[PDB]
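The block underneath contains the structure these notes are about, expressed in structure tokens.
Read the figures in this text as sums done on the coordinates, not as results from a lab. FYI the Cβ positions are ideal-geometry reconstructions off the backbone, even for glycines, and counts take in every protein chain you see.
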Amino acid sequence: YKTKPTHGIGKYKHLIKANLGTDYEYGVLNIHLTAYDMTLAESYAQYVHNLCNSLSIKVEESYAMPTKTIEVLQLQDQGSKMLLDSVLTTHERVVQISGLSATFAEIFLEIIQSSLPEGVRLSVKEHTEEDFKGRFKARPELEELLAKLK
Amino acid sequence: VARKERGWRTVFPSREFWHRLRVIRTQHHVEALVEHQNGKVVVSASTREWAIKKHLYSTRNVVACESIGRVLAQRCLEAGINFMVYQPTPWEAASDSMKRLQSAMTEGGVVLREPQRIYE
Amino acid sequence: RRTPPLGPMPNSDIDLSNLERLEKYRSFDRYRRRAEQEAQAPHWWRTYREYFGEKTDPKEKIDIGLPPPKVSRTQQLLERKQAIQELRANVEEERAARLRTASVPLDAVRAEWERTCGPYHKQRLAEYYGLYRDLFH
Amino acid sequence: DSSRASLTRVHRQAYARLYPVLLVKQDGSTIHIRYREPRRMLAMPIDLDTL
Amino acid sequence: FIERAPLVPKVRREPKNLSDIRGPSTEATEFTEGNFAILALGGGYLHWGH
Amino acid sequence: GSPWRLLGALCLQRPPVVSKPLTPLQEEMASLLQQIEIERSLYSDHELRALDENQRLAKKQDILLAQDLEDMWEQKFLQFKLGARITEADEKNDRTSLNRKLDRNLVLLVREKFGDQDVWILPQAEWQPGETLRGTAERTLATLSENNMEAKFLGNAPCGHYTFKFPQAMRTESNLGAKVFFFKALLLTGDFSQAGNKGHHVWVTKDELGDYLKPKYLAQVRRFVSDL
Amino acid sequence: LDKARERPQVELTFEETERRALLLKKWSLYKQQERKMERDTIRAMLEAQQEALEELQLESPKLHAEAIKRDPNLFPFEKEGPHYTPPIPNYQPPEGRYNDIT
RNA sequence: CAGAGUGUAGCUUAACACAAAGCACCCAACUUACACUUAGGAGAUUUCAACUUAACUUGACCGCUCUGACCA
């Protein structure tokens with residue numbers, strides 16, 4: 001009860017709820033993992049995702065890119081027509097992390113590159129300028145946001 | 001004829017029982033307890049005691065959990081406790097180690113359902 | 001009208017500044033274990049234990065039994081550790097333990113139980129029946 | 001170490017069998033990848049256009 | 001420049017029982033950047049003309 | 001001013017070029033993963049080709065059989081020669097060329113003469129006014145003798161620091177000691193010229209790093225240099 | 001979706017199951033050591049970097065303010081993984097054409 | 001080089017004895033991945049003696065940390 005000393009003992013809403021990159025911490029980092037092997041990209045992305053949790057780094061989203069199929073043509077023996085040789089498939093995994101300081105970036109980047117498996121390409125870029133931070137939300141999220149708007 | 005603490009419908013676990021079999025499985029040890037409604041513990045069986053530890057390859061596997069129930073079932077009969085309730089979570093109920101612990105209690109003569117209170 | 005609390009609030013220690021980088025529960029079992037810990041602690045407000053819990057005297061109950069035996073922990077611990085390594089060295093026990101087919105002899109377990117911690121369980125069981133409450137007040 | 005997350009298997013319920021093959025690059029370097037056919041080596045040719 | 005009217009009206013979060021001009025002020029009662037200011041010794045409403 | 005000289009050290013590292021060979025325990029697991037993979041996968045287009053050909057031959061329009069094409073792949077592979085994981089510099093133990101020890105990281109060491117005594121240390125330059133501490137490490141590359149290398153610096157903060165004092169000979173109130181700051185960078189591409197190699201610089205790993213460095217200097221270096 | 005591509009499921013003998021089961025227990029301990037070394041390596045770098053910054057501030061607080069700043073030229077960063085064999089100094093790959101399917 | 005300080009695997013003011021506990025951690029399965037859960041794995045009292053219970057008290061032995069010597 002409000003007049004009682006135990007007022008507000010049941011409050012929980014402030015416990016649960018209640019990008020811009022500064023000069024000291026990077027805003028959002030997108031880690032691209034290009035490799036001809038599908039399992040190597042999945043495993044390394046899992047390793048990076050588990051590494052961020054151990055190092056107290058928030059992972060925004062871990063998703064995959066559409067597969068790009070590449071046909072490899074080799075010249076025929078003593079001829080001029082290109083004949084089919086092999087089909088190489090490119091697999092990419094993207095692990096999006098945000099909230100990395102510049103000082104801790106030196107250690108974080110060296111650890112991941114040291115454990116980079118063979119045939120796997122590492123590409124880290126920032127795409128917060130591209131924005132497009134729009135995803136489907138649940139009904140309660142819309143209700144709270146619409147409540148603020150009114 | 002003794003009244004059970006009915007209620008607590010919106011919370012878990014329930015309190016409508018006389019005795020409860022509560023199993024505590026930690027990182028290294030597995031412990032099963034039989035406690036009364038008022039909170040007092042009747043009998044205990046854990047892997048921390050040397051009696052059960054000296055016969056177990058591992059104190060955190062299914063075998064250790066099954067061995068606790070076989071030891072506890074003998075202690076339940078000696079203590080005179082024959083009926084008790086088991087209130088597991090949906091994942092604990094589906095677990096294999098809890099299934100064999102229930103089997104050990106049933107094969108030991110302990111029924112995991114208390115008889116209904118007599119009102120009239 | 002408002003009245004200041006007579007004691008620390010339950011969730012007062014939590015800092016709301018860096019709420020995003022705070023470890024959560026993420027599971028029902030982790031919250032339940034912590035929830036039971038605070039439910040067994042004294043509180044300045046009215047609680048279930050205050051009205052339904054069995055009232056006990058704050059004075060510690062006396063012990064009138066035989067003095068506890070004197071056992072050297074260092075020698076006791078070393079002998080127990082040695083037996084574990086021998087049991088785990090055997091490949092048959094590990095195979096049986098991995099196949100969930102191994103079992104312990106119940107008769108031998110109670111023989112050691114009655115000598116080491118049997119009396120303590122009996123005292124706890126006797127207190128549940130209230131034998132000490134009636135026989136020795 | 002490069003072996004920290006290198007040893008893995010296909011975590012798919014349904015998939016075709018794959019064989020360990022070598023992918024020789026345009027500079028002679030090779031890499032272990034899994035290919036549909038048991039070709040003991042794969043060499044990527046140099047493109048005529050990129051000359 | 002002060003706009004005559006807000007671009008989009010918004011419902012206030014204050015309770016409907018409003019004493020907006022009655023009682024001492026509880027905000028903007030101290031200097032922030034400058035050293036001189038006009039102190040209000042009474043309640044009232046300021047419109048676009050003011 | 002200050003009685004401690006500010007020297008901007010540089011820690012150039014050569015990333016591994018080849019994958020480190022698997023341990024015997026890893027080899028056993030690698031065979032298990034592939035063995036499990038075959039048992040839990042469907043027939044491929046190549047395997048289904050072979051089974052159908054076996055049935056047709058047993059009963060009795062494909063020119064090339066499944067097994068016959070496999071032999072062609074093997075013949076081409078045996079003709080090509082793979083690169084040597086162990087280079088000639090590994091046999092010659094020439095610690096000046098980047099071609100050696102492709103599996104492990106390499107750390108640059110340069111010998112300098114102080115107090116008429118040669119000491120192997122990391123490249124460094126004195127800090128100057130109107131220049132960041134990181135920029136001091138980048139300047140060290142320009143001071144190297146005929147070097148064509150592009151270094152990738154990670155961040156701006158130093159990766160380590162070491163403190164030493166003059167041994168009561170040149171110790172003065174204006175100059176009491178020095179405090180170096182180590183900056184790590186990645187050697188993208190390039191190598192030194194052929195003018196001076198032996199007495200100029202050497203490339204060694206962390207394990208073989210203690211031979212050249214002093215015990216006290218090595219103590220602060222093995223902290224930010226990983227062996228993964 | 002066709003069931004004609006399914007392969008026969010050959011049963012695993014007792015020893016085959018026994019070897020795999022014992023092999024997985026040793027692999028769990030081997031991976032624990034790799035994490036232990038990596039955990040200490042990150043801690044070692046973090047402790048040295050934090051200690052180095054403290055010494056920098058005492059000597060010159062201005063240089064401390066620049067070290068903690070971000071590096072715009074740091075990103076993007078591209079690093080290719082190792083290869084099974086080093087590149088051949090003198091190798092001429094055959095001619096061909098590359099076509100990409102999307 | 002001495003000087004002090006200090007001692008349970010990562011953490012802990014866990015350890016009365018009945019007992020070296022709890023959590024953190026690691027692998028596999030589930031997940032695109034994380035997480036949950038299921039199923040597994042690795043663990044420790046610096047070492048000695050002191051009337052004995054001494055992880056607990058004393059010193060030694062020992063390691064560690066810190067400050068000077070030492071120092072390019």
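Some notes on this structure:
- Condition met for C:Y132 (of a type in the set (S, T, Y), farther than 16 Å from B:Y57 by Cβ and within 11 Å of chain B (Cβ to nearest Cβ)): no
- Subset of segment F:63-108 [closer than 30 Å to F:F192 by Cβ and either acidic (D, E) or not in a loop (DSSP other than H, G, I, E, B) (or both)]: F:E88, F:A89, F:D90, F:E91, F:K92, F:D94, F:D103, F:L106, F:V107, F:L108
- Selection status of F:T189, closer than 20 Å to F:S97 by Cα, more than 14 Å from chain A (Cβ to nearest Cβ), under 20 Å from the mean Cα position of the chain (by Cα) and hydroxyl-bearing (S, T, Y): yes
- Boolean, C:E50 is among the charged types (D, E, K, R) and exposed (fewer than 10 other Cβ atoms within 10 Å of the Cβ): no
- Taken over segment A:100-126, the criterion of being farther than 17 Å from F:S19 by Cβ and crowded, with 20+ Cβ neighbours inside 10 Å is satisfied by A:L100, A:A102, A:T103, A:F104, A:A105, A:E106, A:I107, A:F108, A:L109, A:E110, A:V124.
- Count of segment A:47-74 residues, restricted to those that are more than 7 Å from every other protein chain (Cβ to nearest Cβ) and either in a helix (DSSP H, G or I) or farther than 30 Å from C:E23 by Cβ (or both), is 10.
- Within segment C:84-113, the residues that satisfy the criterion of being hydrophobic (A, V, I, L, M, F, W, C), closer than 18 Å to B:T47 by Cβ, more than 10 Å from RNA strand H (Cβ to nearest atom) and out of contact with any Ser or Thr (no Cβ under 7 Å at 6 or more places or on another chain) are C:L87, C:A96, C:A102, C:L106, C:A108, C:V109, C:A111.
- Any hit, segment B:93-100, residues being within 16 Å of RNA strand H (Cβ to nearest atom) and over 30 Å from C:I84 (Cβ atoms): yes
- Screening segment D:23-42 for residues that are of a type in the set (A, V, I, L, M, F, W, C) and part of a loop (DSSP other than H, G, I, E, B) and picking the one that is surrounded by the fewest Cβ atoms within 10 Å (Cβ to Cβ) gives D:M41.
- Test: residue in segment C:65-76 that is more than 10 Å from RNA strand H (Cβ to nearest atom), within 9 Å of another protein chain (Cβ to nearest Cβ) and either in contact with a helix residue (DSSP H, G or I) (Cβ under 9 Å, 6 or more places away or on another chain) or within 30 Å of B:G39 (Cβ to Cβ) (or both): no
- Single residue of segment B:23-39 satisfying the filter (assigned to a strand (DSSP E or B) and within 15 Å of RNA strand H (Cβ to nearest atom)) that is farthest from B:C65 (Cα to Cα): B:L33
Matching residues to (1) more than 11 Å from RNA strand H (Cβ to nearest atom); (2) touching a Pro at 6+ places or on another chain (Cβ under 7 Å); (3) farther than 21 Å from G:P76 by Cα:
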site: A:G8; (1), (2), (3): yes, no, yes
site: A:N19; (1), (2), (3): yes, no, no
site: A:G27; (1), (2), (3): yes, no, no
site: A:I31; (1), (2), (3): yes, no, no
site: A:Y36; (1), (2), (3): yes, no, yes
site: A:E42; (1), (2), (3): no, no, yes
site: A:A45; (1), (2), (3): no, no, no
site: A:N53; (1), (2), (3): no, no, yes
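- Restricting G:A67, G:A4 to those that are of a type in the set (G, A, S) and loosely packed, with under 13 Cβ neighbours inside 10 Å reduces the list to G:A4.
- Residues that are charged (D, E, K, R) and in a loop (DSSP other than H, G, I, E, B) were ranked within segment F:4-62; the one that is nearest to D:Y35 (Cα to Cα) is F:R40.
- Filtered residue count, segment F:4-25, keeping only those that are hydrophobic (A, V, I, L, M, F, W, C) and away from chain D (no Cβ under 12 Å): 7
- Residue that is nearest to the other protein chains (Cβ to nearest Cβ) [pool: residues in segment B:14-46 that are of a type in the set (D, E) and under 15 Å from B:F83 (Cα atoms)]: B:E35
- Top-ranked residue of segment A:1-36 - restricted to ones that are assigned to a loop (DSSP other than H, G, I, E, B), more than 17 Å from A:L109 (Cβ to Cβ) and touching an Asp or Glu at 6+ places or on another chain (Cβ under 9 Å), ranked as farthest from the other protein chains (Cβ to nearest Cβ): A:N19
- Index of the failed condition, D:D47 passing every other in (1) surrounded by fewer than 16 Cβ atoms within 10 Å (Cβ to Cβ); (2) closer than 30 Å to G:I42 by Cα: (2)
- Inside segment B:77-92, residues that are within 16 Å of RNA strand H (Cβ to nearest atom) and either out of contact with any strand residue (DSSP E or B) (no Cβ under 9 Å at 6 or more places or on another chain) or aliphatic (A, V, I, L, M) (or both) make up a count of 4.
- Filtered by the rule that a residue be more than 8 Å from RNA strand H (Cβ to nearest atom) and basic (K, R), segment B:51-76 gives B:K54, B:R70, B:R75.
- From the options F:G155, F:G196, residue that is out of contact with any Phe, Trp or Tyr (no Cβ under 7 Å at 6 or more places or on another chain) and crowded, with 16+ Cβ neighbours inside 10 Å: F:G155
- Conditions (1) at the interface with another protein chain (Cβ under 8 Å from one of its Cβ atoms); (2) farther than 22 Å from C:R80 by Cβ: number failed by B:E49: (2)
- Close Cβ contacts (under 7 Å, 6 or more residues apart or on different chains) running from residues in segment A:32-53 that are within 18 Å of G:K79 (Cα to Cα) to residues that are in a helix (DSSP H, G or I) and within 8 Å of RNA strand H (Cβ to nearest atom) comprise A:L33/A:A45.
- Positions within segment F:111-128 being surrounded by fewer than 18 Cβ atoms within 10 Å (Cβ to Cβ) and not aromatic (F, W, Y), in sequence order: F:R111, F:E112, F:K113, F:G115, F:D116, F:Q117, F:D118, F:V119, F:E126, F:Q128
- If you check G:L22, G:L63, G:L1, G:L29 for being assigned to a loop (DSSP other than H, G, I, E, B) and either away from chain D (no Cβ under 14 Å) or more than 13 Å from RNA strand H (Cβ to nearest atom) (or both), only one passes: G:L1.
- Test: residue in segment F:66-79 that is surrounded by 12 or more Cβ atoms within 10 Å (Cβ to Cβ), more than 7 Å from every other protein chain (Cβ to nearest Cβ) and farther than 20 Å from D:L42 by Cβ: no
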